[PDB]
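Here's the structure we're looking at; comments come further down.
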Amino acid sequence: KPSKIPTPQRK
Amino acid sequence: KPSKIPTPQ
Amino acid sequence: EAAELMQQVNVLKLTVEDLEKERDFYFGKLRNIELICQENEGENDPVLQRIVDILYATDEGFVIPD
Amino acid sequence: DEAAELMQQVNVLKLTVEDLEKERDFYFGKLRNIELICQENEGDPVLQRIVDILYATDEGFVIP
């Protein structure tokens with residue numbers, strides 16, 4: 001159910 | 001052949 | 001002076017919003033594809049499996065959500 | 001003073017623009033690769049729904 005599409009990491 | 005994915009402008 | 005740099009800020013701020021819009025459009029297409037895929041993980045098609053590989057591929061500065 | 005801190009905000013915004021374009025390219029790239037697979041397998045209700053997904057248009061977007 002939760003998305004596993006790569007997102008930008010925090011800095 | 002080409003792309004047909006919508007794009008801005 | 002201030003009016004010139006504020007002009008740049010104003011223009012840049014709207015660019016930021018056009019880009020967010022554009023990113024949200026593409027990212028939503030992928031979330032929908034990822035729904036269609038999760039929703040046919042019973043069919044066992046490797047073609048949809050090829051697509052899940054692509055969805056989950058990372059690059060520089062991009063991580064799996066956790 | 002004010003011109004120092006607006007130059008600061010301009011700079012910050014330039015980085016945000018770059019970051020968003022990076023993020024956007026990443027997502028567009030995934031969509032092309034997916035479109036690529038689809039335009040090899042023309043001739044099934046699923047992959048045609050995926051193509052229907054890719055090609056959906058909203059205000060501010062044109063199919064090229």
Side-chain angles (χ1 to χ4, degrees), chain A, chain B, chain C residues 5-66, chain D residues 6 8-64:
Chain A
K1 187 168 277 169
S3 182
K4 278 318 183 92
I5 300 171
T7 54
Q9 57 199 36
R10 74 204 190 281
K11 321 181 202 85
Chain B
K1 297 156 161 57
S3 180
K4 286 153 200 184
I5 295 169
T7 323
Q9 291 205 351
Chain C
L5 292 160
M6 197 61 193
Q7 187 48 13
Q8 293 190 49
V9 176
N10 292 4
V11 164
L12 275 161
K13 287 200 80 194
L14 299 182
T15 300
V16 172
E17 302 288 313
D18 286 328
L19 285 167
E20 287 179 343
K21 187 164 88 76
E22 178 177 8
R23 181 213 54 207
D24 294 328
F25 183 62
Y26 298 146
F27 180 86
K29 286 187 184 310
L30 303 168
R31 274 286 290 125
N32 276 301
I33 294 172
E34 166 184 44
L35 298 165
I36 262 77
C37 286
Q38 285 158 344
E39 171 259 327
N40 298 271
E41 213 177 319
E43 304 179 335
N44 276 316
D45 194 23
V47 195
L48 275 83
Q49 176 53 55
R50 308 290 141 89
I51 289 165
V52 95
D53 300 315
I54 277 170
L55 278 173
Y56 300 149
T58 52
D59 211 304
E60 324 274 307
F62 294 101
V63 292
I64 298 290
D66 228 300
Chain D
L6 288 161
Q8 188 51 95
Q9 193 176 0
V10 169
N11 290 337
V12 168
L13 286 170
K14 275 155 140 75
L15 301 178
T16 325
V17 171
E18 191 182 18
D19 288 357
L20 286 166
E21 293 174 322
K22 280 156 161 30
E23 186 170 1
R24 175 220 44 196
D25 292 357
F26 186 68
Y27 301 142
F28 186 83
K30 291 168 166 295
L31 296 172
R32 268 288 289 165
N33 294 332
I34 297 168
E35 180 178 35
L36 250 31
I37 292 165
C38 292
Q39 62 200 29
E40 284 159 8
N41 296 234
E42 283 191 307
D44 168 39
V46 172
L47 270 76
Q48 64 195 45
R49 183 158 41 200
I50 283 180
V51 168
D52 275 354
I53 290 155
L54 305 175
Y55 296 159
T57 63
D58 200 13
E59 203 197 324
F61 295 96
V62 282
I63 167 183

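Just so we're on the same page: letters track the sequence lines, and every chain starts at 1. Values below: every heavy atom of this structure, side chains too, minus hydrogens, waters and symmetry copies.
Rounded to the nearest 0.5 angstrom, C:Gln49 CD and C:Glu41 CD are separated by 8.0 Å. How far SG of D:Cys38 is from CG of D:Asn33: 11.0 Å, rounded to the nearest 0.5 Å. Residue D:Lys14 holds its NZ atom at 14.0 Å from CG of D:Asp19, rounded to the nearest 0.5 Å. Taken from CG in D:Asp44 to CD in C:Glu43, the straight-line distance is 7.5 Å, to the nearest 0.5 Å. Atoms OG1 and CZ, on A:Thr7 and C:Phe27 in that order, are 7.0 Å from each other to the nearest 0.5 Å. Here the straight-line distance linking atom CG of D:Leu31 with atom CD1 of B:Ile5 works out to 5.0 Å at 0.5 Å rounding.
Considering all non-hydrogen atoms of both residues, D:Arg32 and B:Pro2 come closest at NH1-O, 3.6 Å. Annotation for D:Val12 and D:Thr16: closest pair O-OG1, 2.7 Å, computed over non-hydrogen atoms. Here the shortest heavy-atom pairing between B:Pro8 and C:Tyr26 reads CD-OH, 3.6 Å.
Here the side chains of C:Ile54 and D:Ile37 are in contact, with some heavy-atom distance below 4.5 Å. In this structure, D:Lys30 and C:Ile33 have side chains that are not in contact, with every pair of non-hydrogen atoms separated by 4.5 Å or more. Side-chain contact between C:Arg23 and C:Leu19 is absent, with no heavy atoms from C-beta onward closer than 4.5 Å. Side-chain atoms of D:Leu47 and C:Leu48, non-hydrogen and from C-beta on, do get closer than 4.5 Å to each other. The shortest distance between side-chain heavy atoms of D:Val17 and C:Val16 falls below 4.5 Å. Taking the side chain as every heavy atom from C-beta outward, C:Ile64 and A:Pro6 approach each other to under 4.5 Å.
Scored by the side chain to side chain donor-acceptor pair (under 3.5 Å) test, D:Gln9 finds no partners at all (sequence neighbours excluded). Residues meeting the salt bridge (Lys or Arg N to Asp or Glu O under 4.0 Å) test with D:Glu18, sequence neighbours left out: D:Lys22.
When atom types are taken as modelled, the side chain of B:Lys4 and the backbone of D:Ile63 share no donor-acceptor pair closer than 3.5 angstrom.
Counting non-hydrogen atoms of neighbouring residues, nucleotides and ligands closer than 6.0 angstrom, the CD atom of B:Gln9 reaches no more than 12 such neighbours.
Applying the side chain to side chain donor-acceptor pair (under 3.5 Å) rule to pairs touching residues 49-64 of chain D yields D:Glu35-D:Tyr55, sequence neighbours excluded.
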